[PDB]
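In what follows, a structure is listed as structure tokens, so that the remarks can point back to it.
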Amino acid sequence: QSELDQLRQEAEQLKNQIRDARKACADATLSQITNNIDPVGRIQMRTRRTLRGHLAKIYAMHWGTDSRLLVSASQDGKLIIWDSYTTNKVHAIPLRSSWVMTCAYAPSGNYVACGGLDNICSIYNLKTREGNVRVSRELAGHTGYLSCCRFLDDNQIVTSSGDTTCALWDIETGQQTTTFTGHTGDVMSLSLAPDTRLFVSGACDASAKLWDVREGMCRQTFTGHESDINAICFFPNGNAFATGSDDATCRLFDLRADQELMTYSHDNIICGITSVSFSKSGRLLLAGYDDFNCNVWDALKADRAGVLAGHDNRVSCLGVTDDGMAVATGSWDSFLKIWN
Amino acid sequence: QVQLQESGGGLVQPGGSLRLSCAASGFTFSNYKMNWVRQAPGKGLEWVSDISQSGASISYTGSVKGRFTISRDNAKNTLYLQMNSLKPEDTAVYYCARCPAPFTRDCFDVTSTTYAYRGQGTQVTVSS
Amino acid sequence: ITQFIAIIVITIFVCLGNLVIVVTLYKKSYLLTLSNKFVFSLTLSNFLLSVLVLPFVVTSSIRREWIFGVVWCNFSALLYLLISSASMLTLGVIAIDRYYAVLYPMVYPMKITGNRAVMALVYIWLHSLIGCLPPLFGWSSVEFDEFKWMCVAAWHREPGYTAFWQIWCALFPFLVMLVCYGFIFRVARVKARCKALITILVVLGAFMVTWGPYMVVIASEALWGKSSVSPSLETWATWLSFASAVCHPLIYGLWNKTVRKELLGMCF
Amino acid sequence: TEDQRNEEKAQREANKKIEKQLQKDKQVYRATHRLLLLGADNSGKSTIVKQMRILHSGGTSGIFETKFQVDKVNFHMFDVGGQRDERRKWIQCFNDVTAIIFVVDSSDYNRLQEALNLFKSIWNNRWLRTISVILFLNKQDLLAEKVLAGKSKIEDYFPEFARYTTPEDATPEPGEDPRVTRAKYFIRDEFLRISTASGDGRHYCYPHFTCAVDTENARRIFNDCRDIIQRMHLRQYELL
Amino acid sequence: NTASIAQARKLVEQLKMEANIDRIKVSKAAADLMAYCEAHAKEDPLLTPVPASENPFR
Ligand SMILES: CC(C)CCC[C@@H](C)[C@H]1CC[C@H]2[C@@H]3CC=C4C[C@@H](O)CC[C@]4(C)[C@H]3CC[C@]12C
């Protein structure tokens, strides 16, 4: 026990040293130097599409790089690919397991990924010579439910799971290439950088970590929130990111300052966050809530600029097009809507 | 940085008295519910007691009814456990835990292994 | 003149209430479940009745005579009888559907299907047409009745048809509704441990309060001749029948939670 | 003109053919009932599902599945055994099930409080409201001999047992001992007390006594699903 | 015993690597964020709405 106590003392000393190092750099606060800029409080928008046809509640959706086609997942056991402009259905894939909770769309548009409560990630080929969508690969090795996945290219993909780990895969061989093993609680969100050199994740231990894809190691950790984290997103320029939690607050972190520098909250909000996203320029921050309403935040002044209403059950997913022309949201009422 | 630090304990004779203290920081203490949990030698974690946000609706396990008492102090962010007429089988390590959400009645995973929002623990021994 | 305003009020209500429901059902097409098609037909038929018949009643009530031709005298009466019988039968069909839904919940999704619903919809209108065949041919006479202020079958001079139609188009669905809701009531009462009683009484009274006086007036005229009833009672009994089409849209529309929500989403 | 042709191909071929299959699948989805099975490791829930499968899919990866049919109605039952210790996140995937099956070892006095706490937590969760529960007390045969042996007492775990008295609604079996009935109904009342306290009119619980060698368990679930679906149908027509 | 010890090691040699990273003042970070956000203001249809003739949706 003496050695364990000694190691605990060393950990405490290093924690104190890091906290002291952080405080030295806090010369100014963002709210005190962005005080003189203009507000953007005129934001108001209306829904003008409604995609209908899912039988059960929706968990995940993702935009294509052309910003016209998108995919969605529902726990009735279907993946539907939609055409946003005409609202026509172009594909419908029945899944082996009904308890899906994530999906992704390849940047090249040739493949889609899927997975969930069966601890497996499945890859589907959308352009085979026969003209029929068919399963092409299954990835196994996680010991917990799959929670998120994002393509790097046609041949490799990154994933996070409830077993407290993340992995990098080679689709051709089907083998894990790297494993990330720092978090203490369940991991259920990840975000790729614009250059795909590094990525960030958040877990149930109320902390986030920065990972190096090639070196396979962590070099930063953030501890602002005070409860479970379930959403995360990068800033457009890649120097910051935003986080959402069930303590009913959002926070912004800076990679280079290594510190928290903004919080978004209001007294009359008690529900938790479920989604986060940024507009094309980064001035606006959009987030979904368990009150099935969505608030638009002035990310640079910290005020609310608007609200999106029209769903009648928990808002589950949220996404912005690659060119910033529209925003799509899903909900547990089994409908999906496009705004502005 | 959420952290909980227990205090008190030590060795006591059978039939003796003792009380524990728990200090909390890094979150709004007045919003959450609090719990006491212990692990005896060669056994898993076990339920003891809890107390709500305002200090009403207290509950106990049948093994300690009439002997143990729980209380809060919201103005100081501390939690107490008063123990009287201790018995030999009370020898265990006692932890300070809080339920995961700020306004709910759910306390699913407080007794789970590797739970996040729990302290390090203190040793209590009863012997002749 | 106190009478004359009543037709305008009734006509505006009968038109607008049914128009709102049919528009809401048509635009929001996904709401057309198996049971809502009966409501769709009930509202559309009454909307069509509101314009093809009622204005002529107004003109006859003012001019106190049938200014139009003999050709339209027959068509108006035939449409009136047909739509009235269809509306009466649709309620019994709805009652049967609710009875099967409540008493056999686990087997309901397979016992009743879309094809059988279409068969029932066809059967309703065939039953109505068989109920109006004899006036269509020369077997029964149709003429303008003074204090009714419309063209209708001559009840007082044809005691056979006035009993055949009355028994076959009105009493049968009423008995069906009575037995079905009686069976539902005791299950609701047992598992309540008085909203069920209030709902059943409202549904059952909206039918008889409106179609009751007309039936007894017809019976009295057929049994003891035209002079056995006062003209004012005749007019009011005839005019309460048109008020039946006011209760149908409200009760089988707005009282439904989903359709009410969808309508409020469009009207605010 | 090629734009018109592409629009025609899309709207005609893809959308309508997809919608036809979706309409076909909707009926099959609506005609089936899906259930969640919960319990501790010492309970015999696996024995229950195997026994009622013998009365009449396979494999397991993250989840285990079971099929059974009674009166031509299909039931699907799921057992989430591939996950680790914490439940609070994957539990809310089942907000849409018709009912939850809860199994408890009645003969184990030591572990009864843990099951009681789990039941309370499940009952009071935000996303698990409005869902009824079927409760099975599983090991009456062991409880009978444990009580009649007298070596281990109940009041050392539940001191309120000393003041308990059997209710008038008790229906003992013909050969049962009165004190076995007393302990058995006390254990049942412990769960019913939590159930009836915060339970609103939208939420009900159905207890049962069962044993390892038992064959009526399949029909009981059918009879309880009957009741809850009947209440739902009564509710939609403003009769409740 | 040994497992907790090893976890404590991994923790402390994680803190070694985390404590050595370079840092900058918050002023530079906030100024960079504001400058980037202001530079791309004209290229955001949601921040500044778009005429109906160019919107793909209605
Ligand atoms: C015997 C007959 C004449 C009685 C008829 C009573 C009618 C007028 C009553 C009984 C139930 C009533 C409905 C009860 C509930 C609502 C919901 C409310 O949000 C809008 C009005 C609405 C839709 C009411 C409209 C009027 C209504 C349909």
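Hydrogens, waters and symmetry mates play no part in the numbers below; they use all other heavy atoms, side chains included. Throughout, a chain's letter reflects where its sequence line sits, starting with A, and its residues are numbered from 1.
Sparse packing is recorded around CH2 of C:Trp72, with 12 or fewer heavy atoms of other residues, nucleotides or ligands lying under 6.0 Å away. Heavy-atom neighbours of D:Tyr29 OH from other residues, nucleotides or ligands within 6.0 Å: above the threshold of 12. Under a cut-off of 6.0 angstrom, the local environment of CZ in D:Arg235 is crowded, with over 12 non-hydrogen atoms contributed by other residues, nucleotides or ligands. Residue-environment remark: CE (D:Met232) exceeds the threshold of 12 foreign heavy atoms within 6.0 Å. Within a 6.0 Å sphere centred on CZ of D:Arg202, other residues, nucleotides and ligands contribute 12 heavy atoms or fewer.
The ring of C:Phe242 has its center closer than 6.0 angstrom to the ring center of C:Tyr80. Aromatic rings from C:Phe56 and C:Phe68 are positioned such that their centres are separated by under 6.0 Å. Taking the six-membered ring for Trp and the full ring otherwise, the centers of C:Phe40 and C:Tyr26 sit at least 6.0 Å from each other. Taking the six-membered ring where the residue is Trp, the centroids of C:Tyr123 and C:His127 are separated by under 6.0 Å. Aromatic rings from A:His91 and A:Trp82 are positioned such that their centres are separated by 6.0 Å or more.
In this structure, C:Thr162 and C:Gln166 approach most closely via the heavy-atom pair O-CB, 3.2 Å. Smallest separation of non-hydrogen atoms from A:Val315 and A:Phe292: CG2-CA, 3.8 Å. The two residues A:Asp333 and A:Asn313 make their nearest non-hydrogen contact at N-CB, 3.6 Å. Smallest separation of non-hydrogen atoms from C:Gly253 and C:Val259: O-CB, 4.4 Å.
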ring-ring contact (aromatic ring centres under 6.0 Å, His included) evaluation trace for C:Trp66 with C:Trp149: CA-CA 8 Å; C:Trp66 190 248; C:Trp149 308 121; over 10 Å; no

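Within the 4.5 Å cutoff, side-chain heavy atoms of C:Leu89 are placed close to those of C:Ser128. Side-chain contact between A:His54 and D:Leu22 is absent, with no heavy-atom pair separated by less than 4.5 Å. Between A:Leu336 and A:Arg49 the shortest side-chain heavy-atom distance does not fall below 4.5 Å. The side-chain heavy atoms of C:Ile8 and C:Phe13, taken from C-beta on, include no pair separated by under 4.5 Å. C:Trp255 places a side-chain heavy atom less than 4.5 Å from the side chain of C:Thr199. With contacts defined as side-chain heavy-atom distances shorter than 4.5 Å, the pair C:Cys151/C:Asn74 does not qualify.
The pair C:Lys148-C:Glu221 counts as a salt bridge, with a side-chain nitrogen and a carboxylate oxygen less than 4.0 angstrom apart. Taking 4.0 Å as the cut-off between side-chain N and carboxylate O, A:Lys57 and A:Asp76 do not count as a salt-bridged pair. Salt bridge annotation for C:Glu143-C:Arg157: present, with a cationic side-chain nitrogen under 4.0 angstrom from a carboxylate oxygen. Here C:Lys226 pairs with C:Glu234 in a salt bridge; the nearest charged N to carboxylate O distance falls below 4.0 Å. Ion pairing of D:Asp96 with D:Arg34 is absent here, as no side-chain N (NZ or NE/NH1/NH2) approaches a carboxylate O to less than 4.0 Å.
Cation-pi geometry between A:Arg52 and C:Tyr30 is met: under 6.0 angstrom from the ring centre, within 45 degrees of the axis. In this structure, C:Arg64 forms no cation-pi arrangement with C:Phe147, as its terminal cationic atom is not both closer than 6.0 Å to the ring centre and no more than 45° off the ring axis. A cation-pi arrangement, defined by a distance under 6.0 Å to the six-membered ring centre and an angle within 45 degrees of its axis, is present between C:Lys111 and C:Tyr104.
A donor-acceptor pair shorter than 3.5 Å can be found between the side chains of D:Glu19 and D:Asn15. For the residue pair A:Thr329 and A:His311, a side-chain donor N or O sits within less than 3.5 Å of a side-chain acceptor on the partner.
Classified by interplanar angle (parallel below 30°, tilted 30° to 60°, perpendicular above 60°), the ring pair C:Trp168/C:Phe164 is parallel.
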